[PDB]
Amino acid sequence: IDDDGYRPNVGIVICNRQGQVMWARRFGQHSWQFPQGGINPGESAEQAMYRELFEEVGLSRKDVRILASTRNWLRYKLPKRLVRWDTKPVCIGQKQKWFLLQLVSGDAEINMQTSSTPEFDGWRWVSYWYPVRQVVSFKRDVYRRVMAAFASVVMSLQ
């Protein structure tokens, strides 16, 4: 369904009650992003979200509240140099649903090492638009729309 070259994907914005969001550092790199990942066949976006929430951040439902979610896809294109044309299903980009999670269990529960090959090796609380300012350029349009979609809810926690 909707085989359009864009891989179904779900991203996570974790917030606290001070208008900050959790920013994660890609393993062995100095680039940062929100947790994201593919939605597997048969999974709802919410189910994929909770799976990657634990795989990438070590958090489960008891640690968070889903405050909001986006209903429609936000799409971004890979840089042409990064497209893998011989690996099916070929994707030229990702189409993302996004979830807004309040962390309610405390910072110590974040655990990015639930695997021997972790996605991330560090995290920071950052100001609300800092992800828009710092994310790789080809995700910036999506990040703007995600953060704006979630802004009123995040502010309501302060």
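A residue's number is simply how far along the shown sequence it sits, counting from 1.
Looking at mean Cα B-factors across 89 to 97 and 61 to 69, the upper value is held by 89 to 97. Mean CA B-factor, 14 to 22 versus 142 to 150: the higher value falls on 14 to 22. Per the PDB record, 28 has a higher Cα B-factor than any other of 42, 28, 37, 131. Reading the B-factor column for the CA atoms of 115, 47, 102, 33 in the entry, the top value corresponds to 115.
Ranked by C-alpha B-factor against the other modelled residues of its chain, residue 56 falls in the lowest third.
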